[PDB]
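Both ligands and their constituent atoms are indexed starting at 1 by order of listing. Reminder, nothing fancy here: chain letters follow the sequence lines and each chain counts from 1.
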Amino acid sequence: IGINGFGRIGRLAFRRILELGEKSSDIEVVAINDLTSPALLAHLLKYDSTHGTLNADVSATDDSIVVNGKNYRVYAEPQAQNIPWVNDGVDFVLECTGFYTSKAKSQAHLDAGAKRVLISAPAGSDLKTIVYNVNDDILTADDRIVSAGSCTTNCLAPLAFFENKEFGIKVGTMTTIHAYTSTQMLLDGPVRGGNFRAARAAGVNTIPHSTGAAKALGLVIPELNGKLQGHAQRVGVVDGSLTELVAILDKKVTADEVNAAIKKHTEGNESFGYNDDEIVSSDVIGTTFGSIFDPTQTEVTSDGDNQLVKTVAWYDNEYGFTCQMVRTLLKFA
Amino acid sequence: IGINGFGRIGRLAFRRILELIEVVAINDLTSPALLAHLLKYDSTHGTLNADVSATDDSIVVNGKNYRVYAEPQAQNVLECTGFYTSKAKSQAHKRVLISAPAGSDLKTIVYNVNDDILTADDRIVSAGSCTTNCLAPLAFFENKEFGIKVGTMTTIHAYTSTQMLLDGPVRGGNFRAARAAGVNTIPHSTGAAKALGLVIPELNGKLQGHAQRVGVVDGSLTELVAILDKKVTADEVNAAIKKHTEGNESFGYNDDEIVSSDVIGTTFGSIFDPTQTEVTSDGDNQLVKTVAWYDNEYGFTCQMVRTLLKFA
Amino acid sequence: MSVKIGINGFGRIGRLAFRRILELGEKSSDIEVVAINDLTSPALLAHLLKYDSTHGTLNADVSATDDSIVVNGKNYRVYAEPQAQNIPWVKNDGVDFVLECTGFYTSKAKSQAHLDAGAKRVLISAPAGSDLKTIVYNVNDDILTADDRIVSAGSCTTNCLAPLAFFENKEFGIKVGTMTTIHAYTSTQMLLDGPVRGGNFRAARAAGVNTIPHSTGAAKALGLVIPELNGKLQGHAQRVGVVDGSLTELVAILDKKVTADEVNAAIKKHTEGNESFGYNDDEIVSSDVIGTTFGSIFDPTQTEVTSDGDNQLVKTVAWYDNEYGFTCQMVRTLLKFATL
Amino acid sequence: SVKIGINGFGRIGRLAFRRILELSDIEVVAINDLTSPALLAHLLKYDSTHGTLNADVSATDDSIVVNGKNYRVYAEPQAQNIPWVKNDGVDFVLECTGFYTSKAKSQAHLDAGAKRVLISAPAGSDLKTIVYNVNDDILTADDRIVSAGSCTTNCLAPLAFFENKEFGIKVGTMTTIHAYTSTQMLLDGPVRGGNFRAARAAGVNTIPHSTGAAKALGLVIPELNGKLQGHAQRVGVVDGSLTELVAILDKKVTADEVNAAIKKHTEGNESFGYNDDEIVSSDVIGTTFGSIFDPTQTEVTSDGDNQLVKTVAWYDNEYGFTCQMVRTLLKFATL
Ligand SMILES: NC(=O)c1ccc[n+]([C@@H]2O[C@H](COP(=O)([O-])OP(=O)(O)OC[C@H]3O[C@@H](n4cnc5c(N)ncnc54)[C@H](O)[C@@H]3O)[C@@H](O)[C@H]2O)c1
Ligand SMILES: NC(=O)c1ccc[n+]([C@@H]2O[C@H](COP(=O)([O-])OP(=O)(O)OC[C@H]3O[C@@H](n4cnc5c(N)ncnc54)[C@H](O)[C@@H]3O)[C@@H](O)[C@H]2O)c1
Ligand SMILES: NC(=O)c1ccc[n+]([C@@H]2O[C@H](COP(=O)([O-])OP(=O)(O)OC[C@H]3O[C@@H](n4cnc5c(N)ncnc54)[C@H](O)[C@@H]3O)[C@@H](O)[C@H]2O)c1
Ligand SMILES: NC(=O)c1ccc[n+]([C@@H]2O[C@H](COP(=O)([O-])OP(=O)(O)OC[C@H]3O[C@@H](n4cnc5c(N)ncnc54)[C@H](O)[C@@H]3O)[C@@H](O)[C@H]2O)c1
């Protein structure tokens with residue numbers, strides 16, 4: 001594997017692959033590309049303000065990072081086609097930059113000689129978007145450029161998939177109360193894209209924000225195609241998010257009935273977990289699920305024949321999503 | 001006018017009454033010196049542009065004396081302590097306005113929704129919660145125009161003084177209220193939806209909802225997801241609700257794509273935000289999302305003071 | 001057949017002390033915790049032990065009963081007696097020794113209550129006056145004797161400053177010093193501006209959105225830990241908007257003319273194999289020390305010597321996890337104090 | 001009227017615009033940045049630190065409109081190609097981009113036809129560094145490119161100047177407990193310059209950080225050249241900072257004596273204020289002083305003949321420093 005973008009997702013992908021050890025023996029990272037010195041990349045891998053200090057020996061050379069006696073070549077090629085990692089025997093590209101979020105853009109990795117590309121984000125409606133343990137089965141040996149979806153997609157998908165299987169979703173709306181991310185502003189100022197809300201200080205604001213996670217969920221769950229919409233509120237934490245789903249269902253239900261039906265689909269599920277301890281956002285930081293169902297927030301509102309059903313799942317939008325991406329990575333082998 | 005509880009709401013009530021009626025005395029659990037200091041210097045709302053000092057038994061603002069008591073039992077009124085949230089408790093205090101929900105056995109007033117149910121016989125009145133003053137007008141005018149069959153609310157809400165600075169024992173013993181407010185999204189109860197029946201009787205039993213407490217000092221928004229009687233578009237929802245904001249000092253309007261800190265210091269109980277309106281349709285099934293911002297401190301406080309002035 | 005601990009105050013320090021004793025396992029075998037006292041339900045105490053916003057989720061089986069907390073099949077009786085003298089844990093649970101972590105018994109006279117309830121010994125998780133021993137493990141744990149009944153583990157700042165000042169003074173001689181600790185907010189601070197116990201104008205202010213100047217006795221009282229520095233240091237804190245992780249800056253006039261390299265090499269040698277006084281030259285920031293087991297971590301990258309002829313100021317800096325770092329120091333002092 | 005072009009409509013640039021607007025025979029006529037006028041108008045109107053501008057703010061395709069007055073917005077990354085002198089009559093450029101932090105770079109504004117340039121940062125040793133009400137008197141009619149120093153320089157300079165005047169500073173060290181700034185990272189990641197500490201999430205860290213404010217204070221107070229060093233701790237608030245100074249003085253002093261001596265130099269001083277109410281960082285947000293002396297934190301440590309003196313001053317590193325720069329801009333008109 002070649003990692004393009006050794007950012008939050010790229011470095012956590014590296015940590016996840018490393019900590020899996022033998023359960024990841026079928027893959028091996030060999031090289032990294034970013035816009036930065038190997039010295040700083042080694043430093044950021046080692047010391048993480050959100051996830052703590054890597055329990056491993058981390059150093060840098062003029063052109064690489066060294067972890068536990070193993071050399072990882074670092075390039076600084078802004079153009080994906082000019083990365084010569086295919087010098088390192090790269091077969092697949094983990095595309096984590098946010099600048100190649102297209103079949104047409106990620107084509108560059110296939111030009112540099114990659115077999116396959118997995119993009120760490122939504123990447124259009126014209127390729128497969130995989131949420132592991134929802135639709136990883138649509139993957140075939142012909143697939144060259146695949147989206148691992150967004151963090152919100154990996155949280156919403158299993159909640160919606162199993163809720164719809166059990167009760168039938170006619171229509172739903174989503175709000176994700178979502179940790180701030182690296183595209184946001186530390187202080188009010190000019191932001192790429194020019195968005196009036198993305199421009200605002202992330203740490204001291206609730207910021208309404210677009211996600212396609214609901215609108216595009218059709219790519220992951222065809223039966224929900226065109227049935228969901230939603231948006232995010234970016235709030236003042238570094239990591240840890242929850243998705244609220246409000247839906248009209250086919251079936252009349254109670255909260256207990258919704259919770260027992262969804263919970264059964266979490267039994268032994270490493271992608272879609274369960275928690276009824278009344279956790280809060282920081283409790284999911286470092287968890288390995290893409291989605292954690294929280295029955296304690298389930299709410300069914302009924303007046304005669306009209307019924308609204310609220311369900312909620314937590315997610316570590318960094319490490320939780322990353323563990324989903326790595327599961328999807330391993331399946332590509 | 002006696003302010004019981006010179007806290008966030010009590011001190012902002014004092015600032016609001018001053019900047020506009022007159023306060024004559026204050027009760028809390030603290031020295032006059034600290035109360036004068038907290039009135040003067042406010043981490044959320046800035047420095048009071050007035051001369052503030054203390055004596056051994058009072059606060060002085062612009063040459064005017066405001067007597068300070070430290071009596072825990074009110075049996076020794078703007079009730080802002082959070083410890084007298086009942087007709088029975090507030091009995092201790094001509095009239096009492098409680099700065100919070102206070103049960104189903106007295107009137108709960110959201111100014112510019114139901115302040116007209118007030119009569120000269122009313123002695124103990126609830127000004128409702130901050131969330132009630134935000135939700136009420138959004139639900140009232142949305143229901144008037146389109147008919148709400150059923151709705152759920154989520155308020156993305158600033159942390160408040162009942163929450164914990166760091167994980168620890170909290171009064172009430174709630175597992176979530178116990179957790180560090182500044183570094184958590186914390187699911188949290190509000191009665192604002194379930195009890196909205198007290199303010200808007202026809203929405204009784206039609207709404208539920210809850211809060212997510214998030215890591216800002218002040219400034220909140222309410223999301224309402226509803227099944228309506230009428231098929232609508234976002235533009236149609238926004239134009240219909242917006243007309244009810246024209247000249248409305250309690251229910252304002254903003255389409256500039258603001259964020260939470262922009263409402264800090266605003267005088268509305270509720271600010272409709274058309275930019276977040278969302279209609280989801282598959283055949284005959286339709287969900288409508290509407291959103292209103294609120295300064296849960298100063299916005300709610302300006303609502304309480306409007307309700308206070310109507311008592312004269 | 002070991003010394004049985006009652007924890008009074010299952011707060012930040014109390015719960016982390018419990019986690020530290022648990023994770024030490026056999027290295028803590030000559031201690032065992034049997035009982036807890038606080039102002040709350042066992043259900044909430046078990047919840048707070050399990051889920052920690054700063055230090056993460058306890059890798060253990062945690063539950064509650066009507067009157068206790070259960071960790072890994074082991075029962076820990078929970079009382080809710082606000083008066084230390086009325087905690088029946090001596091007769092009920094066999095408590096030898098009280099770990100006093102409430103902040104409300106921060107005196108020989110107040111902590112006397114535990115000796116009245118029948119405890120042999122009390123270790124206070126804070127400064128507790130100038131009339132009992134204040135121990136910083138690996139500076140002065142040697143002044144402990146079997147006669148000692150009520151002992152202070154010092155403050156977090158004391159456990160950070162003490163070794164930095166002790167070894168700096170040993171190598172160069174401190175004539176005079178001032179300290180500033182840039183310190184995480186703590187549970188005594190306010191979430192939003194308002195009335196605070198003690199009435200302090202600064203402690204009253206919203207902790208998350210302010211730099212708040214604040215008293216520490218850590219410098220003034222450092223004499224209790226290091227007699228030769230007695231009356232030579234003063235200092236104060238700036239409380240800043242993080243949940244945990246602090247650093248102490250020491251500015252001193254030394255006997256010796258020095259360079260930064262010379263100060264760093266001399267102090268560093270006293271960190272070799274030192275479980276209490278660690279070393280880090282990776283250019284870390286506050287969050288990097290959250291969960292570290294040192295009371296103090298020397299940071300040579302911040303060392304600064306300012307010279308104009310014969311006038312010289314030396315700035316040295318050490319990080320500390322004011323929660324878990326200090327707690328690991330308190331537990332080291334606990335394991336010695338009980339085994340005396 | 002004094003006619004101003006703002007280059008860089010960032011934190012400092014937008015606050016400079018607010019300050020000049022609220023003031024006095026000074027007027028902004030044009031703005032240059034790398035963004036839409038729509039977003040610039042939005043950020044001027046709504047400020048997460050300083051609140052909502054009490055004025056009517058709108059945008060056109062090429063300008064910002066405030067209270068029926070048009071302010072042309074350019075998007076020229078090269079200072080020499082900003083046509084604001086011929087188009088808008090710009091006299092003085094307020095350089096607030098961070099990318100022209102040199103006599104040689106800011107020369108570009110003089111090439112585009114500007115009379116003078118004031119740079120909102122340290123800008124080297126080969127032009128004057130002015131802290132208003134310390135050394136604004138060294139300005140002459142020949143000075144065309146001037147540094148306003150840093151926020152920390154405007155806080156430290158008066159504290160050190162008046163402390164040294166009264167007692168003589170032999171040697172000092174500074175720590176500024178400083179709000180996070182726009183160069184810092186919202187989350188751990190690659191940062192320009194590659195600094196291991198500047199790379200770290202600003203909102204959840206105390207981050208040790210360089211300032212030249214002490215080492216280069218020689219530019220403002222020549223006699224303290226080589227006598228001071230120091231550094232910053234970047235902490236998790238949006239704005240509001242304090243400078244601690246620890247010094248060996250010529251004179252034996254008490255805290256009361258230090259406080260009375262320094263306080264005298266704050267009387268009527270619009271640049272170097274006084275506050276003994278036991279304030280905290282947020283209380284200085286929106287204040288107009290470059291420095292606010294806080295006697296409550298004064299500390300003298302003595303053993304025999306060895307004495308350390310700790311003094312402290314607060315500063316709104318945004319609006320306080322900005323009010324200092326606008327003061328230096330108005331003095332430019334008297335030249
Ligand atoms: N952070 C999350 O919660 C999260 C989770 C799921 C999806 N994602 C997606 O993953 C991607 C990465 O986001 P992130 O949070 O890691 O951001 P980040 O800014 O931390 O990571 C981006 C990294 O890519 C590097 N980079 C940028 N342009 C490059 C180029 N042209 N060539 C090489 N390297 C380049 C940057 O220097 C940086 O290190 C985005 O597409 C994002 O939407 C993020
Ligand atoms: N802050 C908000 O967003 C908001 C908005 C609407 C309503 N409210 C309600 O207003 C009330 C006050 O909340 P707040 O945010 O001002 O909190 P706060 O804690 O700052 O104010 C409460 C004040 O009352 C004092 N007090 C406590 N017990 C007392 C007693 N027995 N006698 C006298 N004084 C006593 C406290 O010392 C404190 O000064 C609560 O009911 C709250 O639910 C809060
Ligand atoms: N937090 C730090 O960084 C730190 C570091 C070292 C020292 N300390 C000291 O440790 C002590 C505790 O501080 P903390 O941060 O753990 O605070 P905390 O508020 O989290 O813990 C105090 C606990 O004691 C309980 N309590 C209070 N009064 C009680 C009583 N009368 N009886 C029983 N339980 C009672 C409270 O309910 C709470 O659970 C203080 O003396 C503090 O100064 C704190
Ligand atoms: N923020 C503070 O506390 C503070 C205080 C004193 C000094 N300063 C200095 O002020 C300057 C600006 O700092 P800031 O915090 O306002 O930063 P900022 O990022 O908020 O502002 C910089 C602005 O300049 C614009 N810009 C960048 N390059 C440009 C170019 N070539 N042409 C035109 N516009 C360009 C950017 O779009 C942005 O709007 C820096 O030199 C900084 O060191 C900052």
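Salt-bridge annotation for C:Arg12 and C:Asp52: present, with a side-chain N of the basic residue lying under 4.0 Å from a carboxylate O of the acidic one. Under 4.0 Å is where a charged nitrogen must lie from a carboxylate oxygen, and between A:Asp188 and D:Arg14 no such pair does.
Considering OG1 of C:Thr327 and CG of C:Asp321, their distance stands at 7.5 Å, rounded to 0.5 Å. The structure places CG of B:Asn27 at 7.5 Å from CG of B:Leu29, a figure rounded to the nearest 0.5 Å. Taken to the nearest 0.5 Å, the CG atom of A:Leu186 stands 5.5 Å off from the CG atom of D:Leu186.
At under 3.5 Å, not a single nitrogen or oxygen of C:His183, backbone or side chain, sits near a nitrogen or oxygen of ligand 3. For ligand 4, the polar-atom distance check against D:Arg11 finds a nitrogen or oxygen pair separated by under 3.5 Å.
The aromatic ring centroids of B:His157 and B:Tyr294 lie less than 6.0 Å from each other.
Using the six-membered ring where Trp is involved, B:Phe6 and B:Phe14 have ring planes that are perpendicular, over 60° apart on the 30 and 60° scheme. The aromatic rings of D:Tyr100 and D:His109 lie tilted to each other, with the angle between the two planes from 30° to 60°. Using bins of under 30°, 30° to 60° and over 60° for the plane-to-plane angle, the ring pair C:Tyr79/C:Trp89 lands in the perpendicular bin.
Ranking protein heavy atoms by distance to atom 24 (O) of ligand 4, first place goes to D:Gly8 CA, 3.3 Å. Atom 35 (C) of ligand 3 has C:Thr102 CG2, 3.5 Å as its closest protein atom, hydrogens excluded (heavy atom only). Distance from atom 31 (N) of ligand 3 to its nearest protein heavy atom, with residue and atom name: C:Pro82 O, 2.9 Å. Protein heavy atom nearest atom 10 (O) of ligand 3, with residue, atom name and distance: C:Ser125 OG, 3.0 Å. Looking at atom 44 (C) of ligand 3, its nearest protein heavy atom turns out to be C:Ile13 CG1, 3.6 Å. The closest protein non-hydrogen atom to atom 19 (O) of ligand 3 is C:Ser187 CB, 3.6 Å. At the shortest separation from atom 3 (O) of ligand 2 among protein heavy atoms lies B:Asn296 ND2, 2.8 Å.
Proximity of B:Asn4 to ligand 2, defined as any heavy-atom pair under 4.0 Å, is confined to the side chain (atoms from C-beta onward).
Proximity of C:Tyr324 to C:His55: side-chain heavy atoms (C-beta onward) are separated by under 4.5 Å at one or more points.
Near D:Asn32, the atoms of ligand 4 lying under 4.0 angstrom from a non-hydrogen atom of the residue are 32 (N), 33 (C), 34 (N). Of all the atoms in ligand 4, the ones that sit under 4.0 Å from a non-hydrogen atom of D:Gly10 are 16 (O), 18 (P), 20 (O), 21 (O), 23 (C), 39 (O). For ligand 4, the atoms closer than 4.0 angstrom to any heavy atom of D:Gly98 are 40 (C), 41 (O). Which parts of ligand 4 touch D:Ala121 is read off a 4.0 Å heavy-atom cut-off, strictly below it: atoms 41 (O). Proximity to C:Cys156 (heavy-atom distance under 4.0 Å) selects the following atoms of ligand 3: 5 (C), 6 (C). The contact set between ligand 3 and C:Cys101, taken as ligand atoms under 4.0 Å from a residue heavy atom, comprises 11 (C), 12 (C), 22 (C). The distance from ligand 3 to the heavy atoms of C:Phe104 drops below 4.0 Å at these ligand atoms: 27 (C), 28 (N).
Results of the side-chain hydrogen bond (donor to acceptor under 3.5 Å, both in side chains) test with C:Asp244 over C:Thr54, C:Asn322, C:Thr186 single out C:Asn322 as the only residue that passes.
By the 4.0 Å heavy-atom criterion, B:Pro169 is counted among the residues contacting ligand 3. Residue contacts with ligand 4: D:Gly13 is excluded, as none of its non-hydrogen atoms falls under 4.0 Å.
Formation of a donor-acceptor pair under 3.5 Å by the D:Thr97 side chain with backbone atoms of D:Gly8 is not found in this model.
Nearest to atom 25 (C) of ligand 3 by heavy-atom distance, out of C:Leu48, C:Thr327, C:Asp38, is C:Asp38.
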